[PDB]
Amino acid sequence: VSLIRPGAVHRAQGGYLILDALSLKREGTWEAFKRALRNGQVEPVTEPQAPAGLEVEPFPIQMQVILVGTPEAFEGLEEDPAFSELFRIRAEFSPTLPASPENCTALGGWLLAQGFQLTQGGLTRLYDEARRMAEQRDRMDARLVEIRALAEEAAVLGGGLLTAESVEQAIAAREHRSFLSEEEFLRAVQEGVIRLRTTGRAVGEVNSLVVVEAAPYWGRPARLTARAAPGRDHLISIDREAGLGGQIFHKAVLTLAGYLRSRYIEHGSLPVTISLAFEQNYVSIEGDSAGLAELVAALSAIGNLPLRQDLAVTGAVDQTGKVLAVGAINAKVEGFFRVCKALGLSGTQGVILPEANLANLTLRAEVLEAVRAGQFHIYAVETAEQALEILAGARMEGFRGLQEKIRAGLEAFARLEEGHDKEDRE
Amino acid sequence: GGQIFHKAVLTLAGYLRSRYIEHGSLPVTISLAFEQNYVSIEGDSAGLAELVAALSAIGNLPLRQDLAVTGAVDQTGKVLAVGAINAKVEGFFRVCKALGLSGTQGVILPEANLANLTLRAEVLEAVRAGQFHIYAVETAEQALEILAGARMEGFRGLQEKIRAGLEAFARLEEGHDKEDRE
Amino acid sequence: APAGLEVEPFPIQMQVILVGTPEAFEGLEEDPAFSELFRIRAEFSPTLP
Amino acid sequence: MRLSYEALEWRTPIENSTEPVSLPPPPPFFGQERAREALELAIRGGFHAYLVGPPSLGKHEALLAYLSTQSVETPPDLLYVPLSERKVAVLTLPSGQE
Amino acid sequence: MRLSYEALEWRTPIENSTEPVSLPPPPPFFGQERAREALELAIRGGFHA
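Protein chains in written order, with the authors' numbering: chain U, 294 to 719; chain W, 538 to 719; chain P, 343 to 391; chain X, 1 to 98; chain H, 1 to 49.
Quick look at the structure:
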C-alpha cells in the first residue's frame, strides 16, 4: 500500500483539476480520463510486468475538472458526444476586450500586480498598443501575455519604469527587429530594382497593397497592371494560373468577370479580354477575394482612364461593386506610407481603402502626423465606382465622365471585333 | 508544359494583344525557341529578349546581333530587374572577346539592374575603351529601338513596320478565311 | 535501469540564444510557445552598407 | 471621401506623465465577463467546465487566481488503507484525522 | 541609353598599396546594428533570443 503514488486526481480531491485538452489528446489520456470521469472512480496505473498487483479499491473522484486550451484544441474533443455530457459549461474567452477607460484601468492594475512600475502616459501607450494589436479602434487585445512581454521590453528600455517614451521605444524596437525584409525592399525601391510609380498618372496600372507571406509581414505596395485587348469576355489573371489554373475557377476572377459583364450592358458579351498581372513577385495573390485594385485597373485598361499613381488601392470588391473589408489594413497603409516617405512625400500620396476597415484603422504616429500635416491622404470608399472616381479624378456620370469613357472604350473594342469579323467573312 | 499556362507566355500574349489593337485578335502566331539547349528557361518571367524577338518576327525588323538582350518584362512593356546580371554581361563579353571585339558589341539590360552592375575589370576597361557598350532601358520599346536602330514613331518607324506586318498577316488570314468560304 | 535517483530538477538561470538560418527557424516558430520563450529576434542582414 | 485627421486619430490623449499610477488589481477575468460567469456557474453547481480561447491569453494564470479565491467546504481526508496484504481499500476520514 | 564608363565604374579608387594598414578591431556585429541592438535588449532584459 505504501508504494501507491498520488497523481493529480488524488491531489485535487474536493478541489479543481486544471488540465489541457492539448495534453489530453497528445498523450492519448482522453479515453482513460473520460472513463474515470464517467465511472466516478479510478485506480492507479499498473505496469503489465507485474503478476502480483494489489486489488486496490478504485479511488472516488470528488474533484471538478477545468480543461484549458484553444478552440482548435477542443475541436478534437467536442466531436465526441460524451465530452459534451461531462463538460456542460463552456467558459469562452474573447480574443479582445472593450476599449473603455475601465478596461485601461484594469490593465494598469494588472500590470502593477505583475511588478511593473507604470506611468499614466506609459499605461496609455500600452493600452493603445493593445488596441492596435487587436487591429480594432474600440477593442483592445485580450492576450495579456503579449502585453506583459511588451511591458517587460519597455521596462528594460526604460530601466524599471513604463513611461510613454519607454513603451514607444519598445514598440519601435519590436518593429525594427523584424524590419530586415522591409528594409531590403525599401532599399531596392530607392535604388530602382523595384520601381513603383508614386507620382503622376498611368493607364491600366495601380498600386495595390498586398501582404507579403513568402516573406514576413508588413504588407507593401505592388504595381498591378491590367491590359485590355479586343476578344472574348475572358478575364485572365496571370498570377492565379502561374502554373495551371484553367482547371480551377477562381472566386476573384469570377467576381471580377461578373461585375464587368453585368455592369456594362450595351453589347451581348464583354468585347474585351482583360489580363491582370502583378509585376515583381513576392506578391501573394488572394485567389479567393477580388481586389478593388484589380477592378479599378481593369476599368482603367478598358476605358483608357489614367489613374493617379499617388494613391494606393486596397480592399476587396464584390461582384455588385461593393468594397469589402480586408485584413492587415494598417500594415498595408503603413507599408505604402513607408514607400512614399522613402521616395519623398509629395503631399498628394494616399491610400484608398474600404469604409468597412475604418474600425480597424489604428495607424502609427508617423502616418497620423503626415495625415494631419496634409502630406498623406486616406480615402474611404463604399463602391468601386468611388475608388475609380478618386483615382481618375473625374465623376462617373455626366458628359466626358468615366462611365462614358469606359463605354466608348468598350464600343471601340467591339468595333475592332466586328472589323475582324468581316475579315472572317469576305 | 502544354497542359500548363506559363506566366511568361501569358505576359507576352497580354502585351502583344493589348498594345497592337487594329484587329479583333492578334492575327499572327509567334513561335519562340531557344536554339542550343543547355539553356535553363524560366517559365514564370517573360524575357525582354523574347518580346523583342517576337516584335522583330512580326514586323520583319532586323535586330542588331551585336547587342545581347537581358532582362524581364511585364505585360505593359516595363523591363524588370533580373538576377545574375553581372554573370550574363560578363558571359556575353567573354563570347565577344573569344570571337574578337569589333567595337560595337554590347548588352541591353534593365535600368533596374544598374544598382547591381559590378562588372569585372576587363568589361569596364572595354567599356571605357569603347569596345563594349552597355544599354540601360526602361521599356521594351527602348530595347527594340536600340536593336533595330530606329525610333518607334516617325518616318518609317518601327511601330509602323510592325503594324504593316500585322496587316499583311491579317490579309493572309482573310485570304484563308475566304478560302474556307469560297 | 529500474533502480535510480530521485534527482531534484536543476533550476535554469541561463539565457538561450538560438542560432541558425531563416529557414532553420521556419520549422520552430509555428509553435505559439517559441514566440513566447524567444521574444527577441536578432536577425542578421545578408549585406552591409 | 477624404478622411480628416480627427476621423483617423485613435490614440488615447496623454494628459499626465510625471507621476506613477496607483490602481487596485483587477478582478480575475477582467473584460471576460462571459468566461467569469461560466466559471462561476461551474463552481456554484460543481459542473466540469472547459476554457477555450486563443493562446497567449494567460488563461491558466487567471484561472488559478480565480480559483484561489474560492472557499470550498473542507475536503475529507482520503487515503489508502490495506485491509490485508493484498486488498487495499479507500478510507474517508474527517479533515485533519489521517 | 548608353552608359558611360564613369556611370558603370564601381570599384573603390585605389590610392596606395604599399604600406600595411593599421586598423582597430571592429565592434562585434559591425554593420549589423539591428542584431547588435536586439542582443543588447536580450542581455539587458535577460530574455531568450
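Backbone N, C-alpha and C define an ideal beta-carbon position, used for all residues, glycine too.
Excluding its 5 nearest sequence neighbours in each direction, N653/W has C-beta neighbours in its own chain below 6 Å: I622, listed in chain order. Within its own chain, no residue has a Cβ closer than 6 Å to the Cβ of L473/U once the five positions on either side in sequence are excluded. In this structure, the CA atom of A590/U is about 50 Å from the CA atom of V358/P. For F630/W, the enclosing alpha helix (DSSP H) begins and ends at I622 to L636.
Following the DSSP letters along the chain, one finds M426/U inside the alpha helix (DSSP H) bounded by residues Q413 to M426. Between the alpha carbons of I567/U and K715/W lies a distance of about 30 Å. Under the DSSP assignment, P647/U falls in the beta strand (DSSP E) whose first and last residues are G643 to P647. Following the DSSP letters along the chain, one finds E498/U inside the beta strand (DSSP E) bounded by residues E498 to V503. Below the 8 Å Cβ cutoff, chain H contributes no neighbours of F367/P, its closest Cβ being approximately 12 Å away. Against chain U, the CB of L63/X has a partner CB under 8 Å away; the residue lies at that interface.
Just measuring C-alpha positions, the residue of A705/W, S582/W and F706/W sitting nearest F542/W is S582/W. Against chain U, a Cβ distance below 9 Å from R700/W picks out nothing, because the smallest value is about 14 Å. No Cβ-Cβ contact shorter than 8 Å links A677/W with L547/W. As computed with DSSP, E348/U is found in a beta bridge with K87/X.
Here the C-alpha atom of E484/U lies approximately 10 Å from the C-alpha atom of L636/U. The C-beta distance from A49/X to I382/U rounds to 4 Å, short enough to fall under 8 Å. Per the coordinates, the alpha-carbon of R490/U lies some 8 Å from the alpha-carbon of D603/U. For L330/U, same chain residues with a beta-carbon under 8 Å away, outside a window of 5 residues either side, are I354, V358 and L379 in chain order. Beta-bridge annotation (DSSP): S568/U is paired with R520/U and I529/U.
According to DSSP, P374/P shares a beta bridge with no other residue.
Beta-bridge partners of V576/U (DSSP): none assigned. Listed in chain order, the positions of the stretch 466-497 of chain U with a beta carbon within less than 9 Å of a beta carbon of chain H are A466, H469, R470, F472, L473 and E476.
At a beta-carbon threshold of 9 Å, the residues of chain H lying near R665/W are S4, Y5, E6, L8 and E9, ordered along the chain. The Cβ atoms of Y672/W and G643/W lie closer than 8 Å to each other. Chain U places a beta carbon closer than 8 Å to that of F542/W, counting this residue as a contact.
Per the coordinates, the alpha-carbon of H560/U lies some 8 Å from the alpha-carbon of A707/U. Taking the CA atoms as reference points, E659/U sits about 16 Å from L3/X.
Contact annotation, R470/U with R44/H: C-beta distance approximately 14 Å; criterion of less than 8 Å not satisfied. Among the CB atoms of chain U, one or more fall inside 8 Å of the CB of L617/W. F380/U: member of the beta strand (DSSP E) spanning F380 to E385, first to last residue.
Secondary structure at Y672/W: strand, using DSSP grouped into helix, strand and coil. For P514/U, no chain W residue has a Cβ inside 8 Å of its Cβ, as the nearest lies near 15 Å away. By the rule that beta-carbons nearer than 8 Å mark a contact, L41/H touches chain U.
For the stretch 343-377 of chain P, the set of positions with a beta-carbon nearer than 8 Å to some beta-carbon of chain U is empty.
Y575/U is positioned such that its CB atom lies closer than 8 Å to that of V505/U. Counting along the chain, the unbroken alpha helix (DSSP H) around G712/W starts and ends at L695 to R718.
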